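# Descriptive structure summary
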Amino acid sequence: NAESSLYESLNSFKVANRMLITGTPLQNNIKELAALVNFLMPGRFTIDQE
DNA sequence: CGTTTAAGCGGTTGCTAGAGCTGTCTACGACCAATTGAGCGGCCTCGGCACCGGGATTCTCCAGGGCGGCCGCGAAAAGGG
């Protein structure tokens, strides 16, 4: 969730390199993957269409 | 003061309620004219309460009739010269 408080807590960190460990990248909709790749690549990926 | 527990915070996941906006239309209420009947005042009359005259009803008082007690009075029986 992009609006969850952990997203703004972690996205404001001054970090050069990030990495996400999970087992289920897609759960409900493409917006979850869009939020994950925006946390990874800020502004490079522009997934908007459902 | 020791211990447990539930509030607080963050999180999911979908649907529904509700605010906001735009659009249409239709029944509903404002408005006006003519009308009239329900509200306010007075006027008249009866129901009931009350006042006055007349008649029927019961209680109190004054007088007559009869009986008891006194007032010496008077005829009569017994005693004395």
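- Looking at the PDB entry, one finds chain A named Chromo domain-containing protein 1, with Saccharomyces cerevisiae as its source organism.

### Observations concerning a nonpolar patch on the surface
- A grouping of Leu-20, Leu-26, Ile-30, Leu-36, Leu-40, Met-41, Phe-45 and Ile-47 is seen on the molecular surface, where their side chains present a nonpolar patch of about 630 Å² in accessible area.
- As for its placement among the helices and strands, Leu-26 is situated in the loop between helix 1 (5-11) and helix 2 (30-40).

### Looking at the environment of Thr-46
- Relative to the assigned elements, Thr-46 resides in the segment after helix 2.
- Given a relative accessible area of 60%, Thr-46 falls into the exposed group.
- Between the C-alpha atoms of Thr-46 and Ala-34, which are 12 residues apart in sequence, the distance is 7.5 Å.

### Some remarks on the protein's contact with DNA strand B
- Neighbouring DNA strand B are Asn-1, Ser-4, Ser-5, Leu-6 and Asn-28.
- Of all atoms in DNA strand B that approach within 4 Å of the protein, 100% are sugar or phosphate atoms.
- Between a phosphate oxygen of DNA strand B and a main-chain N or O atom of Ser-5, the distance comes to 2.8 Å.
- For the surface near DNA strand B, a count of residues per class yields 1 nonpolar, 4 polar and no charged.

### Remarks on the environment of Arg-18
- Here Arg-18 is to be found in the loop between helix 1 and helix 2.
- The contact partners of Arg-18, leaving out residues within four places of it in the chain, are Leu-10, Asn-11, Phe-13 and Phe-39.
- At 2.9 Å, the side chain of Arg-18 forms a polar contact with the side chain of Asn-11.
- Here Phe-39 takes part through its backbone oxygen, which lies 3.0 Å from a polar atom of the side chain of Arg-18.

Calculation rules
- Residues numbered from 1 in each chain as written, not as in the entry; some residues may be left out.
- Chains lettered and ligands numbered in written order.
- Part of a larger assembly, values for the part shown.
- Heavy atoms only, no water.
- Residues with missing side-chain atoms left out of burial classes, pairs and counts.
- Patch = residues over 30% accessible without salt bridge, like charges linked within 9 Å, V, L, I, M, F, W, Y side chains within 5 Å.
- Areas by Shrake-Rupley, 256 points an atom, 1.4 Å probe, with all protein chains shown as cover.
- Salt bridge = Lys/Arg side-chain N within 4 Å of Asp/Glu carboxyl O.
- Helix = DSSP H or I, 4+ residues; strand = E, 2+ residues; numbered from the N terminus.
- Buried < 20%, exposed > 50% of the residue type's maximum accessible area, 1.4 Å probe, protein only.
- Near = heavy atom within 4 Å.
- Polar contact = N/O pair within 3.5 Å; in protein donor to acceptor, adjacent residues only side chain to side chain.
- Nonpolar A, V, L, I, M, F, W, Y, C, P; charged D, E, K, R; others polar.
- Contact = heavy atoms within 4.5 Å.

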